[PDB]
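What follows is the content of input_21.cif, which has mmCIF, N, CA and C atoms:
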```
data_query
loop_
_atom_site.label_atom_id
_atom_site.label_comp_id
_atom_site.auth_asym_id
_atom_site.auth_seq_id
_atom_site.Cartn_x
_atom_site.Cartn_y
_atom_site.Cartn_z
N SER A 342 9.95 -9.25 -29.69
CA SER A 342 8.54 -9.06 -29.96
C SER A 342 7.69 -9.61 -28.82
N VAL A 343 6.49 -9.03 -28.68
CA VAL A 343 5.64 -9.34 -27.53
C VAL A 343 5.26 -10.82 -27.50
N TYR A 344 5.15 -11.46 -28.67
CA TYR A 344 4.84 -12.89 -28.67
C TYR A 344 6.06 -13.75 -28.35
N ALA A 345 7.23 -13.14 -28.21
CA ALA A 345 8.45 -13.83 -27.79
C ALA A 345 9.18 -13.01 -26.73
N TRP A 346 8.43 -12.59 -25.71
CA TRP A 346 8.94 -11.63 -24.73
C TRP A 346 10.21 -12.14 -24.06
N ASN A 347 11.11 -11.22 -23.75
CA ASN A 347 12.41 -11.59 -23.21
C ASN A 347 12.32 -11.72 -21.70
N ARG A 348 12.67 -12.89 -21.17
CA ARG A 348 12.56 -13.20 -19.75
C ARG A 348 13.94 -13.43 -19.16
N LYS A 349 14.24 -12.74 -18.06
CA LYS A 349 15.57 -12.78 -17.47
C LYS A 349 15.48 -13.03 -15.97
N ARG A 350 16.35 -13.91 -15.48
CA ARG A 350 16.51 -14.18 -14.06
C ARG A 350 17.50 -13.21 -13.44
N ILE A 351 17.17 -12.70 -12.25
CA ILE A 351 18.04 -11.81 -11.50
C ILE A 351 18.14 -12.33 -10.07
N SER A 352 19.37 -12.52 -9.60
CA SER A 352 19.61 -13.02 -8.26
C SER A 352 21.05 -12.75 -7.87
N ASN A 353 21.30 -12.80 -6.56
CA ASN A 353 22.65 -12.70 -5.99
C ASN A 353 23.32 -11.37 -6.34
N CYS A 354 22.65 -10.27 -6.00
CA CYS A 354 23.22 -8.95 -6.27
C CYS A 354 22.51 -7.91 -5.42
N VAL A 355 23.16 -6.75 -5.29
CA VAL A 355 22.57 -5.61 -4.60
C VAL A 355 21.60 -4.93 -5.55
N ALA A 356 20.35 -4.80 -5.13
CA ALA A 356 19.29 -4.23 -5.96
C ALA A 356 18.92 -2.86 -5.40
N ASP A 357 19.52 -1.81 -5.95
CA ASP A 357 19.19 -0.44 -5.60
C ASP A 357 18.30 0.14 -6.69
N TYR A 358 17.08 0.52 -6.31
CA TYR A 358 16.09 0.99 -7.26
C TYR A 358 16.02 2.51 -7.35
N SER A 359 16.85 3.22 -6.59
CA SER A 359 16.82 4.68 -6.62
C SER A 359 17.18 5.21 -8.00
N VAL A 360 18.30 4.73 -8.56
CA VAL A 360 18.69 5.14 -9.90
C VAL A 360 17.70 4.61 -10.93
N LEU A 361 17.16 3.41 -10.71
CA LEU A 361 16.22 2.83 -11.65
C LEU A 361 14.89 3.57 -11.68
N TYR A 362 14.63 4.43 -10.70
CA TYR A 362 13.38 5.17 -10.64
C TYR A 362 13.53 6.66 -10.84
N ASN A 363 14.67 7.24 -10.48
CA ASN A 363 14.84 8.68 -10.57
C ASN A 363 15.01 9.17 -12.00
N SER A 364 15.18 8.27 -12.97
CA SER A 364 15.18 8.68 -14.36
C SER A 364 13.79 9.13 -14.77
N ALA A 365 13.72 10.25 -15.48
CA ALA A 365 12.45 10.81 -15.93
C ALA A 365 11.96 10.18 -17.22
N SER A 366 12.71 9.24 -17.80
CA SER A 366 12.33 8.60 -19.05
C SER A 366 11.11 7.70 -18.91
N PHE A 367 10.70 7.37 -17.68
CA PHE A 367 9.56 6.50 -17.46
C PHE A 367 8.27 7.31 -17.46
N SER A 368 7.19 6.69 -17.94
CA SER A 368 5.90 7.35 -18.01
C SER A 368 4.74 6.44 -17.61
N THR A 369 5.03 5.28 -17.04
CA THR A 369 3.98 4.39 -16.53
C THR A 369 4.62 3.47 -15.50
N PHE A 370 4.19 3.60 -14.24
CA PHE A 370 4.84 2.96 -13.09
C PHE A 370 3.75 2.49 -12.14
N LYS A 371 3.28 1.25 -12.31
CA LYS A 371 2.25 0.69 -11.44
C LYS A 371 2.81 -0.49 -10.67
N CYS A 372 3.00 -0.32 -9.36
CA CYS A 372 3.40 -1.39 -8.47
C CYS A 372 2.18 -1.84 -7.66
N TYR A 373 2.03 -3.15 -7.50
CA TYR A 373 0.77 -3.72 -7.04
C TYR A 373 0.85 -4.28 -5.62
N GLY A 374 1.75 -5.21 -5.36
CA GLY A 374 1.79 -5.84 -4.05
C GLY A 374 2.62 -5.09 -3.03
N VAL A 375 3.52 -4.23 -3.50
CA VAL A 375 4.45 -3.51 -2.64
C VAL A 375 4.42 -2.04 -3.02
N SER A 376 4.33 -1.18 -2.01
CA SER A 376 4.45 0.25 -2.26
C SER A 376 5.87 0.58 -2.71
N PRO A 377 6.03 1.50 -3.67
CA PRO A 377 7.38 1.77 -4.20
C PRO A 377 8.36 2.24 -3.15
N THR A 378 7.92 3.05 -2.19
CA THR A 378 8.84 3.63 -1.22
C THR A 378 9.52 2.58 -0.36
N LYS A 379 8.92 1.40 -0.22
CA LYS A 379 9.50 0.32 0.57
C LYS A 379 10.48 -0.53 -0.23
N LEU A 380 10.64 -0.26 -1.53
CA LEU A 380 11.38 -1.17 -2.40
C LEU A 380 12.82 -1.35 -1.94
N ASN A 381 13.46 -0.27 -1.49
CA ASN A 381 14.84 -0.33 -1.05
C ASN A 381 14.99 -0.92 0.35
N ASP A 382 13.97 -1.59 0.88
CA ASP A 382 13.96 -1.97 2.28
C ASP A 382 13.74 -3.46 2.51
N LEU A 383 13.74 -4.29 1.47
CA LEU A 383 13.36 -5.69 1.60
C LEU A 383 14.43 -6.60 1.00
N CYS A 384 14.19 -7.90 1.15
CA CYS A 384 15.01 -8.94 0.55
C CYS A 384 14.10 -9.98 -0.08
N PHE A 385 14.54 -10.57 -1.18
CA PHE A 385 13.70 -11.48 -1.95
C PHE A 385 14.49 -12.72 -2.35
N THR A 386 13.75 -13.73 -2.80
CA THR A 386 14.36 -15.01 -3.16
C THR A 386 14.93 -14.98 -4.57
N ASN A 387 14.13 -14.53 -5.54
CA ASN A 387 14.59 -14.41 -6.92
C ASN A 387 13.75 -13.36 -7.62
N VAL A 388 14.27 -12.85 -8.73
CA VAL A 388 13.62 -11.78 -9.47
C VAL A 388 13.50 -12.19 -10.93
N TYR A 389 12.38 -11.83 -11.56
CA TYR A 389 12.18 -12.04 -12.98
C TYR A 389 11.87 -10.71 -13.65
N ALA A 390 12.50 -10.48 -14.81
CA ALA A 390 12.28 -9.27 -15.59
C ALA A 390 11.86 -9.67 -17.00
N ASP B 391 -2.43 26.36 -4.62
CA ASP B 391 -1.04 26.32 -5.06
C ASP B 391 -0.99 26.29 -6.58
N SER B 392 -0.17 27.17 -7.15
CA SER B 392 -0.03 27.30 -8.59
C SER B 392 1.43 27.19 -8.97
N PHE B 393 1.70 26.48 -10.06
CA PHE B 393 3.05 26.45 -10.64
C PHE B 393 2.99 25.79 -12.01
N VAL B 394 4.16 25.56 -12.60
CA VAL B 394 4.31 24.99 -13.93
C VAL B 394 5.29 23.83 -13.85
N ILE B 395 4.94 22.73 -14.52
CA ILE B 395 5.71 21.50 -14.46
C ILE B 395 5.98 21.03 -15.89
N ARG B 396 6.95 20.13 -16.03
CA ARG B 396 7.11 19.42 -17.29
C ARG B 396 5.86 18.59 -17.57
N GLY B 397 5.42 18.59 -18.83
CA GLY B 397 4.17 17.94 -19.17
C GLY B 397 4.16 16.44 -18.97
N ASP B 398 5.33 15.82 -18.86
CA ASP B 398 5.38 14.36 -18.71
C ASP B 398 4.98 13.92 -17.31
N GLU B 399 5.46 14.61 -16.28
CA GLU B 399 5.37 14.14 -14.91
C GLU B 399 4.08 14.55 -14.21
N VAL B 400 3.02 14.83 -14.97
CA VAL B 400 1.75 15.24 -14.37
C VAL B 400 1.27 14.18 -13.38
N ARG B 401 1.42 12.90 -13.74
CA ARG B 401 0.93 11.83 -12.88
C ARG B 401 1.63 11.79 -11.53
N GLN B 402 2.77 12.48 -11.38
CA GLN B 402 3.41 12.51 -10.07
C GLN B 402 2.70 13.41 -9.08
N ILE B 403 1.70 14.18 -9.51
CA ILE B 403 1.03 15.08 -8.58
C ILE B 403 0.09 14.32 -7.64
N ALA B 404 -0.37 13.14 -8.04
CA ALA B 404 -1.35 12.41 -7.25
C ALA B 404 -0.76 12.05 -5.88
N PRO B 405 -1.57 12.05 -4.82
CA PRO B 405 -1.04 11.75 -3.49
C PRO B 405 -0.54 10.32 -3.40
N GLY B 406 0.48 10.12 -2.57
CA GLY B 406 1.06 8.82 -2.37
C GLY B 406 2.02 8.38 -3.45
N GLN B 407 2.15 9.14 -4.53
CA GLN B 407 3.11 8.81 -5.57
C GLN B 407 4.52 9.18 -5.12
N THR B 408 5.50 8.69 -5.86
CA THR B 408 6.90 8.99 -5.60
C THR B 408 7.62 9.26 -6.91
N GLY B 409 8.75 9.93 -6.81
CA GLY B 409 9.47 10.42 -7.96
C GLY B 409 10.13 11.74 -7.64
N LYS B 410 11.12 12.10 -8.46
CA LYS B 410 12.03 13.20 -8.12
C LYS B 410 11.26 14.46 -7.74
N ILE B 411 10.30 14.86 -8.58
CA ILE B 411 9.47 16.02 -8.26
C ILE B 411 8.68 15.76 -6.98
N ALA B 412 8.07 14.58 -6.87
CA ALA B 412 7.32 14.27 -5.66
C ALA B 412 8.23 14.03 -4.47
N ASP B 413 9.37 13.36 -4.68
CA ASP B 413 10.26 13.04 -3.57
C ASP B 413 10.84 14.29 -2.93
N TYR B 414 11.33 15.23 -3.75
CA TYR B 414 12.04 16.37 -3.18
C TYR B 414 11.76 17.69 -3.88
N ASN B 415 10.61 17.85 -4.52
CA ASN B 415 10.21 19.18 -4.96
C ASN B 415 8.83 19.57 -4.48
N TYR B 416 7.87 18.65 -4.48
CA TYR B 416 6.50 18.95 -4.06
C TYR B 416 5.70 17.66 -3.86
N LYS B 417 5.11 17.49 -2.68
CA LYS B 417 4.32 16.30 -2.41
C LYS B 417 3.20 16.63 -1.43
N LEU B 418 2.23 15.73 -1.36
CA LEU B 418 0.97 15.93 -0.67
C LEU B 418 0.84 14.99 0.52
N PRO B 419 0.00 15.33 1.50
CA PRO B 419 -0.16 14.46 2.67
C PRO B 419 -0.85 13.14 2.34
N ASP B 420 -1.12 12.34 3.38
CA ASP B 420 -1.71 11.03 3.17
C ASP B 420 -3.15 11.11 2.68
N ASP B 421 -3.86 12.18 3.02
CA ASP B 421 -5.27 12.32 2.65
C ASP B 421 -5.49 13.38 1.59
N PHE B 422 -5.09 14.62 1.84
CA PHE B 422 -5.18 15.71 0.87
C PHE B 422 -6.60 15.84 0.31
N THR B 423 -7.51 16.27 1.18
CA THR B 423 -8.91 16.37 0.79
C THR B 423 -9.18 17.61 -0.06
N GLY B 424 -8.44 17.75 -1.15
CA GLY B 424 -8.59 18.85 -2.08
C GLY B 424 -8.83 18.35 -3.49
N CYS B 425 -8.44 19.18 -4.45
CA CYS B 425 -8.62 18.85 -5.86
C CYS B 425 -7.42 19.38 -6.65
N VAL B 426 -7.22 18.80 -7.83
CA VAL B 426 -6.09 19.15 -8.68
C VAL B 426 -6.59 19.34 -10.11
N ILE B 427 -6.04 20.34 -10.80
CA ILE B 427 -6.40 20.59 -12.19
C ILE B 427 -5.18 21.11 -12.94
N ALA B 428 -4.92 20.52 -14.11
CA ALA B 428 -3.74 20.83 -14.90
C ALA B 428 -4.11 20.92 -16.37
N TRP B 429 -3.35 21.73 -17.11
CA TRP B 429 -3.70 21.99 -18.50
C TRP B 429 -2.46 22.38 -19.29
N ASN B 430 -2.58 22.29 -20.61
CA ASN B 430 -1.45 22.53 -21.50
C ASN B 430 -1.13 24.02 -21.58
N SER B 431 0.16 24.33 -21.62
CA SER B 431 0.63 25.71 -21.70
C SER B 431 1.84 25.82 -22.62
N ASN B 432 1.77 25.17 -23.78
CA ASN B 432 2.85 25.28 -24.75
C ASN B 432 2.68 26.45 -25.70
N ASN B 433 1.56 27.16 -25.64
CA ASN B 433 1.30 28.26 -26.55
C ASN B 433 1.52 29.63 -25.93
N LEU B 434 1.64 29.71 -24.61
CA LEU B 434 1.86 30.98 -23.93
C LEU B 434 3.14 31.00 -23.12
N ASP B 435 3.38 29.97 -22.30
CA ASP B 435 4.61 29.93 -21.52
C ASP B 435 5.81 29.57 -22.38
N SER B 436 5.65 28.61 -23.29
CA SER B 436 6.77 28.16 -24.10
C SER B 436 7.20 29.25 -25.07
N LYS B 437 8.51 29.49 -25.14
CA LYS B 437 9.08 30.50 -26.03
C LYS B 437 9.96 29.82 -27.06
N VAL B 438 9.74 30.16 -28.34
CA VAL B 438 10.58 29.62 -29.40
C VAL B 438 12.01 30.10 -29.26
N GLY B 439 12.21 31.28 -28.67
CA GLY B 439 13.54 31.79 -28.42
C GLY B 439 14.25 31.14 -27.25
N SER C 975 5.16 -3.48 7.88
CA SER C 975 6.43 -3.01 7.36
C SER C 975 6.57 -3.18 5.85
N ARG C 976 5.59 -3.80 5.19
CA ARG C 976 5.71 -4.07 3.76
C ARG C 976 4.77 -3.23 2.90
N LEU C 977 4.11 -2.23 3.47
CA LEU C 977 3.17 -1.43 2.69
C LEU C 977 3.14 -0.01 3.23
N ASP C 978 2.73 0.92 2.37
CA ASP C 978 2.55 2.31 2.74
C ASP C 978 1.22 2.51 3.48
N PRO C 979 1.08 3.60 4.24
CA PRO C 979 -0.02 3.70 5.20
C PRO C 979 -1.26 4.44 4.72
N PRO C 980 -1.50 4.66 3.42
CA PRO C 980 -2.83 5.18 3.05
C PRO C 980 -3.86 4.10 2.81
N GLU C 981 -3.45 2.85 2.63
CA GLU C 981 -4.37 1.76 2.36
C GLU C 981 -4.27 0.60 3.34
N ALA C 982 -3.16 0.48 4.09
CA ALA C 982 -3.04 -0.60 5.06
C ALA C 982 -4.11 -0.52 6.14
N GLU C 983 -4.74 0.65 6.30
CA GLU C 983 -5.85 0.78 7.23
C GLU C 983 -6.94 -0.25 6.94
N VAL C 984 -7.17 -0.55 5.67
CA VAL C 984 -8.17 -1.56 5.31
C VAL C 984 -7.76 -2.92 5.84
N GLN C 985 -6.48 -3.28 5.67
CA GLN C 985 -6.01 -4.57 6.15
C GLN C 985 -6.16 -4.68 7.66
N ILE C 986 -5.77 -3.61 8.37
CA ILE C 986 -5.88 -3.61 9.82
C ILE C 986 -7.33 -3.75 10.24
N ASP C 987 -8.24 -3.07 9.54
CA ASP C 987 -9.66 -3.17 9.87
C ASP C 987 -10.15 -4.60 9.70
N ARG C 988 -9.71 -5.26 8.62
CA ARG C 988 -10.06 -6.67 8.43
C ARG C 988 -9.64 -7.50 9.63
N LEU C 989 -8.38 -7.36 10.04
CA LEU C 989 -7.87 -8.15 11.16
C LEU C 989 -8.65 -7.86 12.44
N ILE C 990 -8.92 -6.58 12.71
CA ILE C 990 -9.61 -6.21 13.93
C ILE C 990 -11.00 -6.84 13.96
N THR C 991 -11.73 -6.72 12.85
CA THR C 991 -13.07 -7.29 12.79
C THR C 991 -13.04 -8.78 13.06
N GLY C 992 -12.14 -9.50 12.37
CA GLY C 992 -12.10 -10.94 12.55
C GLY C 992 -11.80 -11.35 13.98
N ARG C 993 -10.79 -10.71 14.58
CA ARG C 993 -10.37 -11.15 15.91
C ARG C 993 -11.41 -10.80 16.97
N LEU C 994 -12.01 -9.60 16.88
CA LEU C 994 -13.08 -9.28 17.82
C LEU C 994 -14.26 -10.23 17.67
N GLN C 995 -14.60 -10.61 16.43
CA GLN C 995 -15.69 -11.55 16.25
C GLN C 995 -15.39 -12.89 16.92
N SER C 996 -14.18 -13.42 16.70
CA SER C 996 -13.84 -14.71 17.30
C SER C 996 -13.85 -14.64 18.83
N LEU C 997 -13.29 -13.56 19.38
CA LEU C 997 -13.22 -13.46 20.83
C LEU C 997 -14.61 -13.29 21.45
N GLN C 998 -15.50 -12.57 20.76
CA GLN C 998 -16.88 -12.48 21.21
C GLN C 998 -17.56 -13.84 21.20
N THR C 999 -17.31 -14.64 20.16
CA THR C 999 -17.87 -15.99 20.12
C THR C 999 -17.42 -16.79 21.33
N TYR C 1000 -16.13 -16.72 21.65
CA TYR C 1000 -15.62 -17.45 22.81
C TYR C 1000 -16.29 -16.99 24.09
N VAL C 1001 -16.48 -15.68 24.24
CA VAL C 1001 -17.10 -15.16 25.46
C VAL C 1001 -18.53 -15.69 25.60
N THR C 1002 -19.29 -15.69 24.51
CA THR C 1002 -20.66 -16.19 24.58
C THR C 1002 -20.69 -17.66 24.97
N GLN C 1003 -19.79 -18.46 24.38
CA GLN C 1003 -19.72 -19.87 24.75
C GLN C 1003 -19.47 -20.04 26.24
N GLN C 1004 -18.50 -19.30 26.77
CA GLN C 1004 -18.20 -19.39 28.19
C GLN C 1004 -19.40 -19.00 29.03
N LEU C 1005 -20.14 -17.97 28.60
CA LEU C 1005 -21.31 -17.53 29.36
C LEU C 1005 -22.34 -18.65 29.47
N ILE C 1006 -22.63 -19.31 28.35
CA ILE C 1006 -23.65 -20.36 28.37
C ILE C 1006 -23.22 -21.51 29.27
N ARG C 1007 -21.96 -21.93 29.14
CA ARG C 1007 -21.49 -23.04 29.97
C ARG C 1007 -21.50 -22.66 31.45
N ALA C 1008 -21.20 -21.40 31.76
CA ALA C 1008 -21.24 -20.95 33.14
C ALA C 1008 -22.66 -21.00 33.69
N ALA C 1009 -23.65 -20.65 32.87
CA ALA C 1009 -25.04 -20.75 33.33
C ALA C 1009 -25.40 -22.20 33.65
N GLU C 1010 -25.00 -23.13 32.79
CA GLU C 1010 -25.29 -24.54 33.07
C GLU C 1010 -24.63 -24.99 34.37
N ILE C 1011 -23.36 -24.62 34.57
CA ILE C 1011 -22.66 -25.01 35.79
C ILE C 1011 -23.34 -24.40 37.02
N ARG C 1012 -23.85 -23.18 36.89
CA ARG C 1012 -24.56 -22.55 38.00
C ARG C 1012 -25.79 -23.36 38.38
N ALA C 1013 -26.56 -23.81 37.38
CA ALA C 1013 -27.72 -24.63 37.69
C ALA C 1013 -27.31 -25.92 38.40
N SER C 1014 -26.25 -26.56 37.92
CA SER C 1014 -25.80 -27.80 38.56
C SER C 1014 -25.36 -27.56 40.00
N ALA C 1015 -24.67 -26.45 40.25
CA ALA C 1015 -24.21 -26.15 41.60
C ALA C 1015 -25.37 -25.87 42.53
N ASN C 1016 -26.41 -25.19 42.05
CA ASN C 1016 -27.58 -24.97 42.88
C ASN C 1016 -28.24 -26.29 43.25
N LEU C 1017 -28.36 -27.20 42.27
CA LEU C 1017 -28.92 -28.52 42.58
C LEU C 1017 -28.08 -29.25 43.62
N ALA C 1018 -26.75 -29.19 43.47
CA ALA C 1018 -25.88 -29.87 44.43
C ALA C 1018 -26.02 -29.28 45.83
N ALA C 1019 -26.13 -27.96 45.93
CA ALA C 1019 -26.30 -27.34 47.24
C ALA C 1019 -27.60 -27.78 47.89
N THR C 1020 -28.69 -27.82 47.11
CA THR C 1020 -29.95 -28.28 47.67
C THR C 1020 -29.84 -29.73 48.14
N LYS C 1021 -29.23 -30.58 47.32
CA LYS C 1021 -29.08 -31.98 47.70
C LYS C 1021 -28.27 -32.11 48.98
N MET C 1022 -27.20 -31.32 49.11
CA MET C 1022 -26.42 -31.33 50.34
C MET C 1022 -27.29 -30.97 51.53
N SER C 1023 -28.00 -29.84 51.44
CA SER C 1023 -28.73 -29.33 52.59
C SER C 1023 -29.80 -30.32 53.04
#
```

Once you've parsed the file, please lay out its structure as structure tokens.
Amino acid sequence: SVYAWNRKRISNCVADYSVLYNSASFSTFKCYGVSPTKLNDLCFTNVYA
Amino acid sequence: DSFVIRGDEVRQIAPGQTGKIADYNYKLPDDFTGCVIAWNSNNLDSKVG
Amino acid sequence: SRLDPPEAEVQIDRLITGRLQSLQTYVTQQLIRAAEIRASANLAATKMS
């Protein structure tokens, strides 16, 4: 539930977003600090979902 | 330009967006000083058969 | 390298404006100090002669 939102740490893995984006099941995709096309081109310290 | 798309992916028509239809079926330049208009066609194009 | 190029133009414009402003400030400062040094050198030449 939204008042107990599920928070997950992601680190130490290959992050390929092509499959995560090419699915048509999504209907709202707003990225703010980074343009989506650059997503497969960077490295990060840690990820939260 | 005229065509017919799945009703879900309308938001992929906007310039600078990405996605399967935008990535490798149809996409617009960086500026695209034109206009876009889309409308429902489930009563004429869609066939119950 | 971290953003798409339909909006990074704004960021570049910010940087250009700031740096040109600072460099213009430096040039004006140098001009004023050069005028003062010119006056001092003219006085020194007269005193010599």

Q: Find the spatial neighbours of residue A:377, counting only C-alpha atoms, within a cut-off of 9 Å - ignore same-chain residues fewer than 5 positions away - and output them as a ChimeraX atom specification.
A: /A:371-372 /B:407-408 /C:977-978

(Q) DSSP on the backbone: which residues in chain A end up as alpha helix (DSSP H)? Give the answer as a PyMOL selection string. (A) chain A and resi 359-363

Q: At a cut-off of 8 Å, list the chain B residues touching chain A, using all atoms listed in the file, as a VMD selection string.
A: chain B and resid 398 to 399 406 to 411

Q: Would you please work out which residue, of B:434, B:396, B:425, B:420, is nearest to residue C:979 when using only N, CA and C atoms?
A: B:420

Q: Write out as a ChimeraX atom specification which residues come within 10 Å of residue B:397 when counting only C-alpha atoms, dropping same-chain ones fewer than 4 positions away.
A: /B:401,428-432

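The gap separating atom CA of residue B:413 from atom CA of residue B:400 is 13.9 Å, in Å to one decimal.
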
Q.
I'd like to know which of A:361, A:390, A:382, A:373 is closest to residue A:349, using only N, CA and C atoms.
A. A:390

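Here atom CA of residue A:389 stands at a distance of 5.1 Å from atom N of residue A:351.
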
Please report, as a compact mmCIF listing (two decimals) with N, CA and C atoms, in the coordinates of the input, each residue of chain A to which DSSP assigns strand (DSSP E or B) when run on this structure's backbone.
```txt
# COMPACT_ATOMS: atom_id res chain seq x y z
N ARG A 350 16.35 -13.91 -15.48
CA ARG A 350 16.51 -14.18 -14.06
C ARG A 350 17.50 -13.21 -13.44
N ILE A 351 17.17 -12.70 -12.25
CA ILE A 351 18.04 -11.81 -11.50
C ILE A 351 18.14 -12.33 -10.07
N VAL A 388 14.27 -12.85 -8.73
CA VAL A 388 13.62 -11.78 -9.47
C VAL A 388 13.50 -12.19 -10.93
N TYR A 389 12.38 -11.83 -11.56
CA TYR A 389 12.18 -12.04 -12.98
C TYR A 389 11.87 -10.71 -13.65
```
